[PDB]
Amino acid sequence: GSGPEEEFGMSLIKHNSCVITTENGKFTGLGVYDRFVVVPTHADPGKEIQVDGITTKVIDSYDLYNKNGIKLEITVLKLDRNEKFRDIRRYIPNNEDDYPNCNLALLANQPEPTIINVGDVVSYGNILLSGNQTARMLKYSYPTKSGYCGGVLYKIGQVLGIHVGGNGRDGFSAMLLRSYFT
């Protein structure tokens, strides 16, 4: 890819991603709008994080759950920083769905911003990730790696999820739904 799907992803990286550092390492963070970022819950962000190496206070944070209290592996952070993110909420789906031909946009743990074609994505339900029940997963068949967490699953004009785990054959993202942010 050097065409539109790659190009949309690179723009998404440049305008709406950052590297979030916690005590658990470096994660790709998705800036949703203004000072709101999402990161995988297992990043366990505290009261201070780094955003692109800059120590930043977390004004508030909260984890998301499904209807039965199962973690979604999404954590929302409101950051104490001057910069505002471009609002990408209109690109986030309203509903769960399957999606053909998706890409993953990676920033953290890569030598340079990286776009990967993960192929077709299905809404997979609940899984066990490192032994923990996790809900509203999107599954793709791609050999993801340890440094991919927080990577943004997308298609042109559609911001679909954030990468939270895998087993070497399959990769999983937490679904982004517009109602989480509105």
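C-alpha atoms forming the largest set that superposes within 1.5 Å between two forms make up the rigid core. Don't overthink the numbering: it's just position in the shown sequence, from 1.
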Exercise for review: Please pick 149-157 or 63-71, whichever has its Cα atoms farther from the shown form in 5 other deposited structures of this protein after a rigid core fit.
Suggested key: 63-71
Exercise for review: Going by root mean square C-alpha distance after a core fit, say whether 115-123 or 130-138 is farther from the shown form in 5 other deposited structures of this protein.
Suggested key: 130-138
Practice item. Give the stretch, out of 35-43 and 123-131, with the larger mean C-alpha temperature factor in the deposited entry. Key: 123-131
Practice item. Can you let me know which of the two, 69-77 or 97-105, has the higher average C-alpha B-factor in the entry? Key: 97-105
Practice item. Check where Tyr62 lands among this chain's C-alpha B-factors and tell me if it's the lowest, middle or highest third. Key: lowest
Check your understanding: Thinking about Cα B factors across the chain, which third does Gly157 belong to?
Key -> highest
Review point. Relative to the other modelled residues in the chain, which third contains the C-alpha temperature factor of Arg89: lowest, middle or highest?
Key: lowest
Revision key, fill the gap. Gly29: CA B-factor among chain residues, third -> lowest
Check your understanding: If you rank the chain by CA B-factor, which third does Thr55 end up in: lowest, middle or highest?
Key -> middle
